[PDB]
18 protein chains.
Amino acid sequence: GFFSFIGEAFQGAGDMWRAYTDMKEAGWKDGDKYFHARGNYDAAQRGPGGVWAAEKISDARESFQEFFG
Amino acid sequence: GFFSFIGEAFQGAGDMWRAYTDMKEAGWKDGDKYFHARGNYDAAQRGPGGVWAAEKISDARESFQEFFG
Amino acid sequence: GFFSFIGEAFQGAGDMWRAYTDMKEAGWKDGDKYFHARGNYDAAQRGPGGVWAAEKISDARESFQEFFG
Amino acid sequence: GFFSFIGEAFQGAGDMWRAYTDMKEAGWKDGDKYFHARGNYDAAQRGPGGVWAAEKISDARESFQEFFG
Amino acid sequence: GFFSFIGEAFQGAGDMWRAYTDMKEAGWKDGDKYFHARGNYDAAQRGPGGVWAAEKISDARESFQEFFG
Amino acid sequence: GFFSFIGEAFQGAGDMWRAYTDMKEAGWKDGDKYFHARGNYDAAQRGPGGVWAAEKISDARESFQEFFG
Amino acid sequence: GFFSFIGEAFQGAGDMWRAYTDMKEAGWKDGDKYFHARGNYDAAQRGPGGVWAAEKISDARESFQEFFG
Amino acid sequence: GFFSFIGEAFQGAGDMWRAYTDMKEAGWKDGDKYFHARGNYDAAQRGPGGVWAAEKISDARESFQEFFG
Amino acid sequence: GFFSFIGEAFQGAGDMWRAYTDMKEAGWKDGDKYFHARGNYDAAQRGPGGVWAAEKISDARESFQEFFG
Amino acid sequence: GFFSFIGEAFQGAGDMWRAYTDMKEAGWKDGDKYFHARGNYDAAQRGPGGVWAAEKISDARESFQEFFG
Amino acid sequence: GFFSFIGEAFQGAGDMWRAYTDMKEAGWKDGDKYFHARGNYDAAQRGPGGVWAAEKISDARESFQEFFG
Amino acid sequence: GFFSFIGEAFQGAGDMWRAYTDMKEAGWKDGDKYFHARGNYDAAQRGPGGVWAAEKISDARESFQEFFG
Amino acid sequence: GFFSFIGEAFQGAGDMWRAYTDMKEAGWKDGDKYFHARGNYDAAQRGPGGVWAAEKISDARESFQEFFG
Amino acid sequence: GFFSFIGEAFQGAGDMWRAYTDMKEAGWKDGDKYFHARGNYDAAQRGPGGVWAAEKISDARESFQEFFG
Amino acid sequence: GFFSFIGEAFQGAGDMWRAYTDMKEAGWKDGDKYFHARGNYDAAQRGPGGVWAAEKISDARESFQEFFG
Amino acid sequence: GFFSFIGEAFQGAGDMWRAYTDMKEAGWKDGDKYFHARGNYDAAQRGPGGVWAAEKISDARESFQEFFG
Amino acid sequence: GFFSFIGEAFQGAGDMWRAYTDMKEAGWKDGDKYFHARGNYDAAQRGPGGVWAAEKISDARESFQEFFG
Amino acid sequence: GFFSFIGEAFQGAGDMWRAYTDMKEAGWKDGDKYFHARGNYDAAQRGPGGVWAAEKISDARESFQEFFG
């Protein structure tokens, strides 16, 4: 099994990027969540990029190349 | 089993990047979560990049290359 | 089993990067979490980069190279 | 089993980078957590880099190279 | 078993980098945690670098090289 | 078993880098934790570097090299 | 740039399987060659086979098999 | 740049399997060659086989097999 | 740049399997070669086999097998 | 840059398996070569085998096997 | 840069397996060579085998095996 | 740069297995060579075997095995 | 190859009358050349003469004569 | 190879009359060359003469004569 | 190889009349060369003469004569 | 190899009349060369003469004569 | 190898008439060379003469004569 | 090897007429050389003469004669 959580350039309150497995006879309660923003500038940004998501990669040659300037 | 949590350039309150496994007869309670922002500048940023996520990578040659300037 | 938590350039209150395994007859309570920001500049930043996440990497040649200037 | 927690360039209150395993008949309580920021500059930053996360790396040749200028 | 906690360039209050294993009939209480910042400059920073996290590395040749200028 | 805690360039209050193992019939209480900063400059910094974390390294040749200038 | 010479189940006299390269200001003579056979039985024989000649073979998968039953 | 010479199950007299290179201001003579066979039985024989000649073979997987039953 | 000479199950007189290189101002002669066979039984024989000739072989996996039953 | 000479199950007279290099102002002669066989039984024989000739072999895995039953 | 000479199960007279290098202002002669066989039984024999010739072999894993049953 | 000479199960007269190097202003002669066999039984024999010739072998793991049952 | 370089009454910096033959895998560089001449009288002078270039001159009778005066 | 370098009444810096033969894997560099001439009289002078270049001159009778005066 | 370097009445700095043969894996450098001439009379002078370059001169009768005066 | 270096009435700094043969794995350097000439009379002078370059001169009769006066 | 270095009426600094043969794994350096000439009369002078360069001179009759006066 | 170094009427600093043969694993250095000449008359002078360079001179009759006066 493969579990991968990735996060970048974000504003959150709570409860994020959670993994629960192999459980029995459990129980849980979560809390209220409030987000309040006033007068904020130049926030929550990421620059250019690429995203690749896969299970198997086999015999990659001269690939997955990225160039900027 | 593979569990990978990654975080960069973020503003949070709580409860993030959590892994629970192999549990029995458990119980839990979480708390309220508040996020308040006023008058903030140049926040929560990441620059250019790339993301690769996979289980198996086999025989990679001259690849996964990144260039900036 | 492989568990990897990574964090960089962040502002948080609590409860982050948690791993719970192999448990029985347990119980727990968490606390409220507040985040308050006013008048803050040039915060929560990371520069250019790359992210690679995987389980197995086999026979990598002239790869996973990064260049800046 | 492999457990790896890494943190860099962050501002936190508490409860971070926690590992609990092989437990029975346990119980615990956590405390409230407050984060307050006013008038702060040039905070919570990391420069360019790369991140690699994996379980097995086999026969790596002329790879995982990083250059800056 | 392998447990590795690493921290650099951070401002915290408490409860960080904790490992609990092989426990029975235990119980514990944690305390409230407050973080307060006003008028602070050039704080919580790390320079360029790289991060590698893995379980096994086998036959690495001319790799994991980093250059700066 | 391998337990490794590393810390550099940080400002903390308490309760950090803790390892508890092989316990029975134990109990403990922790104290409140406060962090207060006003008017501080050029604090909590680390320069360029690299991080490698692993369990086994086998037959490394001309690798794990770092150069600065 | 290679020279391959393979011979099986032949009846010869001489002057066979020559590779001459990088000759300058040379000179020579080869004599005479007599072959005489009288009354021979069941000679110069080979069984079944598969013959392959090439310069470059890439990424072959589940191929070049021979079965005899 | 190599020279391979392979011979099996041959009846010869001489002057076979020569590799001459980098010769200058040379000179020579080879005599005469007589082959005479009378009344021979069951000579010069080889069984089944597979023959492969090449310069470069890359990333071969589950190939070049021979089965005899 | 190598020279390989392999011979099995041959009846010869002489002047075989020569590798001459880097010759200058040389000179020579080779005599005569007589082969005579009368009444021979069951000579010059080899069994089944697989023959491979090459210069470079890379990353071979589960290949070049021979089975005899 | 090497020279390999291998011989098995041969009936010869002489003048075989020569490697001459780096010769200057040389000179020579080789005599005559007589081969005579009468009434020989069951000579010059080899059993099954697999023959491989190469210069470079890299990262071979589970290969070059011979089975006889 | 080496010279390998291997011989098994041969009937010869002489003048075999020579390696001459770095010769200057040389000179020589080799006599005559007679081979005579009459009435010989069951000579010049070798059993099954696998033959390998190479210059460089790298990172071989679970290979070059011989089984006889 | 070495010279290896190996011989087993041969019937010879003489003039075998010579390694001459670094010769200057030399000169010589070799006589004649007679081989005579009449009525010999069951001579010049070797059993099964595996033959390997090389210059460099690196990082061999679980290989070059011989089994006889 | 015949090479006849002949020079009379000439002035140069360098790189004159060069003969390169039978070269391999060789590289070379020739620096820059300056020729400065000022205030010089009666330079680079050859008297009268005849010039002959040929390969084969057979049965020349009373020919190729130069009568001065 | 025949090389005849001949020079009379010449002025140079260097790099003249060079003959390179039978070279391999060789590299070389030739520095820069300066030739400065000022205020010089009666330089680089050769009297009268005839020039002959050939290879074969057979049965020359009363030829190739130079009568001065 | 025949090399005839001949020089008469010449002025130089260096690097003249060089013959290189039969070289391998060799590298070399030649420094820079300066030739400065000022205020000099009657330099680099050769009287009259004839020049002969050849290889074979057969049955020369009363030829190749130089009669001065 | 025949080498005839001949020099008459010449002025130099160095590096003249050099013959290199049969070299391996050798490297060398030649420093820089200066030739400064000022105020000099009657230098580098050779009287009259004839020049002969050849290899074979057969049955020369009353030839190759120089009659001065 | 025959080497004839001959020099008459010459002026130099050094590095003249050198013969290197049959060298291996050798390295060398030659320092810089200065040749300064001022105010000198009647230098580097050779009278009349003839020059002969050859290899084989057979049956010379009344030839190769120099009659002065 | 035959070496004939001959010198007449010459002026030098050093490094003249050197013959190196059959050397291995040797390294050497030659210092710098200065040649300064001022105010000198009648130097480096040789009278008339003939020059002969050869290898084989057979049946010379009344030849190679120099008649002065």
# chains A, B, ... in the order shown; residues from 1 in each chain; ligands from 1

$ calpha_fit_and_write --fixed "chain R" --moving "chain N" --output "PDB file with N, CA and C atoms, in the first residue's frame"
ATOM      1  N   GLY N   1      70.755  -1.763 -31.350  1.00  0.00           N
ATOM      2  CA  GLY N   1      70.689  -0.313 -31.696  1.00  0.00           C
ATOM      3  C   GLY N   1      72.053   0.337 -31.792  1.00  0.00           C
ATOM      4  N   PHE N   2      72.282   1.043 -32.896  1.00  0.00           N
ATOM      5  CA  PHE N   2      73.542   1.730 -33.153  1.00  0.00           C
ATOM      6  C   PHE N   2      73.292   3.228 -33.066  1.00  0.00           C
ATOM      7  N   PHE N   3      74.143   3.918 -32.317  1.00  0.00           N
ATOM      8  CA  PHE N   3      74.021   5.348 -32.081  1.00  0.00           C
ATOM      9  C   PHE N   3      75.380   5.989 -32.307  1.00  0.00           C
ATOM     10  N   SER N   4      75.432   6.962 -33.215  1.00  0.00           N
ATOM     11  CA  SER N   4      76.672   7.662 -33.541  1.00  0.00           C
ATOM     12  C   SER N   4      76.444   9.152 -33.359  1.00  0.00           C
ATOM     13  N   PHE N   5      76.884   9.685 -32.227  1.00  0.00           N
ATOM     14  CA  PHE N   5      76.810  11.109 -31.966  1.00  0.00           C
ATOM     15  C   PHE N   5      78.177  11.716 -32.226  1.00  0.00           C
ATOM     16  N   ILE N   6      78.212  12.723 -33.092  1.00  0.00           N
ATOM     17  CA  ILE N   6      79.461  13.320 -33.536  1.00  0.00           C
ATOM     18  C   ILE N   6      79.289  14.830 -33.577  1.00  0.00           C
ATOM     19  N   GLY N   7      80.228  15.533 -32.954  1.00  0.00           N
ATOM     20  CA  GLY N   7      80.156  16.977 -32.879  1.00  0.00           C
ATOM     21  C   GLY N   7      81.500  17.652 -33.017  1.00  0.00           C
ATOM     22  N   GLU N   8      81.550  18.695 -33.840  1.00  0.00           N
ATOM     23  CA  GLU N   8      82.805  19.376 -34.109  1.00  0.00           C
ATOM     24  C   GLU N   8      82.583  20.877 -34.213  1.00  0.00           C
ATOM     25  N   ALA N   9      83.393  21.628 -33.472  1.00  0.00           N
ATOM     26  CA  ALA N   9      83.384  23.084 -33.534  1.00  0.00           C
ATOM     27  C   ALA N   9      82.000  23.638 -33.205  1.00  0.00           C
ATOM     28  N   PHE N  10      81.556  23.388 -31.979  1.00  0.00           N
ATOM     29  CA  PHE N  10      80.271  23.902 -31.544  1.00  0.00           C
ATOM     30  C   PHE N  10      80.360  24.481 -30.141  1.00  0.00           C
ATOM     31  N   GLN N  11      79.424  25.383 -29.875  1.00  0.00           N
ATOM     32  CA  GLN N  11      79.327  26.064 -28.593  1.00  0.00           C
ATOM     33  C   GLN N  11      77.912  25.904 -28.069  1.00  0.00           C
ATOM     34  N   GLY N  12      77.794  25.436 -26.831  1.00  0.00           N
ATOM     35  CA  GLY N  12      76.489  25.192 -26.250  1.00  0.00           C
ATOM     36  C   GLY N  12      76.503  25.405 -24.754  1.00  0.00           C
ATOM     37  N   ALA N  13      75.305  25.378 -24.171  1.00  0.00           N
ATOM     38  CA  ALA N  13      75.200  25.351 -22.717  1.00  0.00           C
ATOM     39  C   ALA N  13      75.234  23.917 -22.202  1.00  0.00           C
ATOM     40  N   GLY N  14      74.317  23.082 -22.675  1.00  0.00           N
ATOM     41  CA  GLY N  14      74.314  21.688 -22.284  1.00  0.00           C
ATOM     42  C   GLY N  14      73.191  20.935 -22.960  1.00  0.00           C
ATOM     43  N   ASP N  15      72.937  19.727 -22.468  1.00  0.00           N
ATOM     44  CA  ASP N  15      71.877  18.881 -23.006  1.00  0.00           C
ATOM     45  C   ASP N  15      72.091  18.596 -24.489  1.00  0.00           C
ATOM     46  N   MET N  16      73.179  17.901 -24.804  1.00  0.00           N
ATOM     47  CA  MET N  16      73.497  17.562 -26.178  1.00  0.00           C
ATOM     48  C   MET N  16      73.948  16.111 -26.270  1.00  0.00           C
ATOM     49  N   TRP N  17      73.602  15.464 -27.381  1.00  0.00           N
ATOM     50  CA  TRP N  17      74.083  14.120 -27.691  1.00  0.00           C
ATOM     51  C   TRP N  17      73.714  13.122 -26.595  1.00  0.00           C
ATOM     52  N   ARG N  18      72.421  12.941 -26.353  1.00  0.00           N
ATOM     53  CA  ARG N  18      71.944  12.013 -25.341  1.00  0.00           C
ATOM     54  C   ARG N  18      71.150  10.889 -25.994  1.00  0.00           C
ATOM     55  N   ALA N  19      71.364   9.668 -25.508  1.00  0.00           N
ATOM     56  CA  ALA N  19      70.681   8.488 -26.021  1.00  0.00           C
ATOM     57  C   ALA N  19      70.086   7.699 -24.867  1.00  0.00           C
ATOM     58  N   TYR N  20      68.760   7.637 -24.819  1.00  0.00           N
ATOM     59  CA  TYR N  20      68.039   6.899 -23.795  1.00  0.00           C
ATOM     60  C   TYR N  20      67.303   5.718 -24.416  1.00  0.00           C
ATOM     61  N   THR N  21      67.464   4.551 -23.796  1.00  0.00           N
ATOM     62  CA  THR N  21      66.865   3.334 -24.320  1.00  0.00           C
ATOM     63  C   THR N  21      66.384   2.468 -23.169  1.00  0.00           C
ATOM     64  N   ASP N  22      65.374   1.654 -23.461  1.00  0.00           N
ATOM     65  CA  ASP N  22      64.894   0.617 -22.556  1.00  0.00           C
ATOM     66  C   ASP N  22      64.739   1.147 -21.132  1.00  0.00           C
ATOM     67  N   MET N  23      63.810   2.085 -20.978  1.00  0.00           N
ATOM     68  CA  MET N  23      63.521   2.676 -19.682  1.00  0.00           C
ATOM     69  C   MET N  23      62.065   2.420 -19.331  1.00  0.00           C
ATOM     70  N   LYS N  24      61.785   2.394 -18.030  1.00  0.00           N
ATOM     71  CA  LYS N  24      60.455   2.094 -17.528  1.00  0.00           C
ATOM     72  C   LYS N  24      60.216   2.849 -16.231  1.00  0.00           C
ATOM     73  N   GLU N  25      58.986   3.333 -16.069  1.00  0.00           N
ATOM     74  CA  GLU N  25      58.541   3.949 -14.821  1.00  0.00           C
ATOM     75  C   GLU N  25      59.498   5.038 -14.355  1.00  0.00           C
ATOM     76  N   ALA N  26      60.114   5.745 -15.295  1.00  0.00           N
ATOM     77  CA  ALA N  26      61.133   6.733 -14.986  1.00  0.00           C
ATOM     78  C   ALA N  26      60.644   8.133 -15.317  1.00  0.00           C
ATOM     79  N   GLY N  27      61.015   9.084 -14.475  1.00  0.00           N
ATOM     80  CA  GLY N  27      60.658  10.471 -14.697  1.00  0.00           C
ATOM     81  C   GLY N  27      61.853  11.372 -14.485  1.00  0.00           C
ATOM     82  N   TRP N  28      61.907  12.442 -15.266  1.00  0.00           N
ATOM     83  CA  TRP N  28      63.053  13.322 -15.102  1.00  0.00           C
ATOM     84  C   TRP N  28      62.739  14.748 -15.521  1.00  0.00           C
ATOM     85  N   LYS N  29      63.597  15.637 -15.042  1.00  0.00           N
ATOM     86  CA  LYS N  29      63.455  17.060 -15.275  1.00  0.00           C
ATOM     87  C   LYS N  29      64.784  17.623 -15.739  1.00  0.00           C
ATOM     88  N   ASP N  30      64.712  18.582 -16.653  1.00  0.00           N
ATOM     89  CA  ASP N  30      65.879  19.257 -17.194  1.00  0.00           C
ATOM     90  C   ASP N  30      65.721  20.754 -16.980  1.00  0.00           C
ATOM     91  N   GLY N  31      66.625  21.339 -16.200  1.00  0.00           N
ATOM     92  CA  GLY N  31      66.536  22.747 -15.879  1.00  0.00           C
ATOM     93  C   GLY N  31      66.590  23.633 -17.104  1.00  0.00           C
ATOM     94  N   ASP N  32      66.540  24.943 -16.896  1.00  0.00           N
ATOM     95  CA  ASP N  32      66.543  25.903 -17.986  1.00  0.00           C
ATOM     96  C   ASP N  32      67.975  26.223 -18.390  1.00  0.00           C
ATOM     97  N   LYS N  33      68.136  26.668 -19.630  1.00  0.00           N
ATOM     98  CA  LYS N  33      69.445  26.828 -20.242  1.00  0.00           C
ATOM     99  C   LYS N  33      69.577  28.206 -20.869  1.00  0.00           C
ATOM    100  N   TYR N  34      70.651  28.908 -20.510  1.00  0.00           N
ATOM    101  CA  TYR N  34      70.934  30.248 -21.002  1.00  0.00           C
ATOM    102  C   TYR N  34      72.237  30.225 -21.784  1.00  0.00           C
ATOM    103  N   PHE N  35      72.240  30.913 -22.925  1.00  0.00           N
ATOM    104  CA  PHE N  35      73.411  31.035 -23.787  1.00  0.00           C
ATOM    105  C   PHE N  35      73.549  32.504 -24.184  1.00  0.00           C
ATOM    106  N   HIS N  36      74.504  33.197 -23.570  1.00  0.00           N
ATOM    107  CA  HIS N  36      74.715  34.616 -23.813  1.00  0.00           C
ATOM    108  C   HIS N  36      76.086  34.794 -24.442  1.00  0.00           C
ATOM    109  N   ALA N  37      76.123  35.449 -25.599  1.00  0.00           N
ATOM    110  CA  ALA N  37      77.361  35.672 -26.330  1.00  0.00           C
ATOM    111  C   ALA N  37      77.478  37.142 -26.692  1.00  0.00           C
ATOM    112  N   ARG N  38      78.618  37.742 -26.353  1.00  0.00           N
ATOM    113  CA  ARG N  38      78.883  39.133 -26.685  1.00  0.00           C
ATOM    114  C   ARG N  38      80.336  39.290 -27.105  1.00  0.00           C
ATOM    115  N   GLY N  39      80.569  40.124 -28.115  1.00  0.00           N
ATOM    116  CA  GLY N  39      81.917  40.501 -28.493  1.00  0.00           C
ATOM    117  C   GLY N  39      82.877  39.340 -28.631  1.00  0.00           C
ATOM    118  N   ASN N  40      82.679  38.494 -29.638  1.00  0.00           N
ATOM    119  CA  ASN N  40      83.560  37.363 -29.890  1.00  0.00           C
ATOM    120  C   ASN N  40      83.729  37.171 -31.390  1.00  0.00           C
ATOM    121  N   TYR N  41      84.966  36.932 -31.812  1.00  0.00           N
ATOM    122  CA  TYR N  41      85.334  36.839 -33.216  1.00  0.00           C
ATOM    123  C   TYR N  41      85.798  35.429 -33.546  1.00  0.00           C
ATOM    124  N   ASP N  42      85.480  34.976 -34.757  1.00  0.00           N
ATOM    125  CA  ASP N  42      86.018  33.732 -35.302  1.00  0.00           C
ATOM    126  C   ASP N  42      85.719  32.553 -34.375  1.00  0.00           C
ATOM    127  N   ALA N  43      84.431  32.265 -34.219  1.00  0.00           N
ATOM    128  CA  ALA N  43      83.979  31.189 -33.355  1.00  0.00           C
ATOM    129  C   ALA N  43      83.113  30.208 -34.132  1.00  0.00           C
ATOM    130  N   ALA N  44      83.141  28.956 -33.684  1.00  0.00           N
ATOM    131  CA  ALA N  44      82.346  27.891 -34.287  1.00  0.00           C
ATOM    132  C   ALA N  44      82.665  27.750 -35.772  1.00  0.00           C
ATOM    133  N   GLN N  45      83.928  27.456 -36.062  1.00  0.00           N
ATOM    134  CA  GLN N  45      84.427  27.364 -37.425  1.00  0.00           C
ATOM    135  C   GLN N  45      84.970  25.967 -37.673  1.00  0.00           C
ATOM    136  N   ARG N  46      84.580  25.382 -38.800  1.00  0.00           N
ATOM    137  CA  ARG N  46      85.137  24.130 -39.282  1.00  0.00           C
ATOM    138  C   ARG N  46      85.617  24.334 -40.708  1.00  0.00           C
ATOM    139  N   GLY N  47      86.783  23.785 -41.021  1.00  0.00           N
ATOM    140  CA  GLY N  47      87.320  23.872 -42.354  1.00  0.00           C
ATOM    141  C   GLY N  47      86.468  23.090 -43.329  1.00  0.00           C
ATOM    142  N   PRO N  48      86.964  22.904 -44.547  1.00  0.00           N
ATOM    143  CA  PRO N  48      86.210  22.119 -45.523  1.00  0.00           C
ATOM    144  C   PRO N  48      86.101  20.672 -45.082  1.00  0.00           C
ATOM    145  N   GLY N  49      85.148  19.963 -45.675  1.00  0.00           N
ATOM    146  CA  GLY N  49      85.029  18.548 -45.392  1.00  0.00           C
ATOM    147  C   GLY N  49      83.857  17.932 -46.118  1.00  0.00           C
ATOM    148  N   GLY N  50      83.908  16.613 -46.211  1.00  0.00           N
ATOM    149  CA  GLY N  50      82.803  15.827 -46.738  1.00  0.00           C
ATOM    150  C   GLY N  50      82.180  15.010 -45.628  1.00  0.00           C
ATOM    151  N   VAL N  51      80.899  14.688 -45.785  1.00  0.00           N
ATOM    152  CA  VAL N  51      80.134  13.980 -44.766  1.00  0.00           C
ATOM    153  C   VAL N  51      79.508  12.749 -45.405  1.00  0.00           C
ATOM    154  N   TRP N  52      79.695  11.593 -44.770  1.00  0.00           N
ATOM    155  CA  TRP N  52      79.128  10.332 -45.223  1.00  0.00           C
ATOM    156  C   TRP N  52      78.345   9.698 -44.087  1.00  0.00           C
ATOM    157  N   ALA N  53      77.081   9.376 -44.347  1.00  0.00           N
ATOM    158  CA  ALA N  53      76.266   8.615 -43.412  1.00  0.00           C
ATOM    159  C   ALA N  53      75.651   7.446 -44.163  1.00  0.00           C
ATOM    160  N   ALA N  54      75.868   6.234 -43.659  1.00  0.00           N
ATOM    161  CA  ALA N  54      75.329   5.047 -44.303  1.00  0.00           C
ATOM    162  C   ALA N  54      75.269   3.908 -43.302  1.00  0.00           C
ATOM    163  N   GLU N  55      74.862   2.742 -43.799  1.00  0.00           N
ATOM    164  CA  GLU N  55      74.798   1.519 -43.006  1.00  0.00           C
ATOM    165  C   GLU N  55      75.716   0.437 -43.560  1.00  0.00           C
ATOM    166  N   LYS N  56      75.585   0.132 -44.848  1.00  0.00           N
ATOM    167  CA  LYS N  56      76.327  -0.949 -45.481  1.00  0.00           C
ATOM    168  C   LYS N  56      77.057  -0.398 -46.690  1.00  0.00           C
ATOM    169  N   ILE N  57      78.360  -0.649 -46.750  1.00  0.00           N
ATOM    170  CA  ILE N  57      79.206  -0.209 -47.849  1.00  0.00           C
ATOM    171  C   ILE N  57      80.041  -1.404 -48.279  1.00  0.00           C
ATOM    172  N   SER N  58      79.731  -1.946 -49.452  1.00  0.00           N
ATOM    173  CA  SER N  58      80.289  -3.215 -49.893  1.00  0.00           C
ATOM    174  C   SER N  58      81.135  -3.018 -51.141  1.00  0.00           C
ATOM    175  N   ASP N  59      82.350  -3.564 -51.113  1.00  0.00           N
ATOM    176  CA  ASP N  59      83.204  -3.641 -52.296  1.00  0.00           C
ATOM    177  C   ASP N  59      83.602  -2.255 -52.794  1.00  0.00           C
ATOM    178  N   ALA N  60      83.703  -1.302 -51.874  1.00  0.00           N
ATOM    179  CA  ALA N  60      84.158   0.031 -52.236  1.00  0.00           C
ATOM    180  C   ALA N  60      85.562  -0.031 -52.823  1.00  0.00           C
ATOM    181  N   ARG N  61      85.708   0.468 -54.046  1.00  0.00           N
ATOM    182  CA  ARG N  61      86.981   0.477 -54.757  1.00  0.00           C
ATOM    183  C   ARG N  61      87.369   1.920 -55.047  1.00  0.00           C
ATOM    184  N   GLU N  62      88.520   2.337 -54.524  1.00  0.00           N
ATOM    185  CA  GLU N  62      89.097   3.642 -54.844  1.00  0.00           C
ATOM    186  C   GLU N  62      88.071   4.757 -54.669  1.00  0.00           C
ATOM    187  N   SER N  63      87.114   4.540 -53.777  1.00  0.00           N
ATOM    188  CA  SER N  63      86.012   5.460 -53.561  1.00  0.00           C
ATOM    189  C   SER N  63      86.111   6.072 -52.169  1.00  0.00           C
ATOM    190  N   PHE N  64      85.188   6.984 -51.877  1.00  0.00           N
ATOM    191  CA  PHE N  64      85.160   7.682 -50.599  1.00  0.00           C
ATOM    192  C   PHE N  64      86.493   8.376 -50.341  1.00  0.00           C
ATOM    193  N   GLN N  65      87.000   9.039 -51.374  1.00  0.00           N
ATOM    194  CA  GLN N  65      88.295   9.695 -51.335  1.00  0.00           C
ATOM    195  C   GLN N  65      88.116  11.206 -51.312  1.00  0.00           C
ATOM    196  N   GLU N  66      88.955  11.871 -50.525  1.00  0.00           N
ATOM    197  CA  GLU N  66      88.962  13.330 -50.451  1.00  0.00           C
ATOM    198  C   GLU N  66      90.381  13.819 -50.732  1.00  0.00           C
ATOM    199  N   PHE N  67      90.553  14.483 -51.876  1.00  0.00           N
ATOM    200  CA  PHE N  67      91.851  15.002 -52.305  1.00  0.00           C
ATOM    201  C   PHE N  67      91.828  16.516 -52.147  1.00  0.00           C
ATOM    202  N   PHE N  68      92.527  17.005 -51.129  1.00  0.00           N
ATOM    203  CA  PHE N  68      92.649  18.436 -50.926  1.00  0.00           C
ATOM    204  C   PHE N  68      93.896  18.954 -51.638  1.00  0.00           C
ATOM    205  N   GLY N  69      94.233  20.208 -51.364  1.00  0.00           N
ATOM    206  CA  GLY N  69      95.398  20.826 -51.970  1.00  0.00           C
ATOM    207  C   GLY N  69      95.143  21.272 -53.396  1.00  0.00           C
TER     208      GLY N  69
END

$ select_by_dssp --residues "chain E" --states "strand (DSSP E)" --output "VMD selection string"
chain E and resid 2 to 11 16 to 20 23 to 24 27 to 29 33 to 40 43 to 46 49 to 53 56 to 61 66 to 67
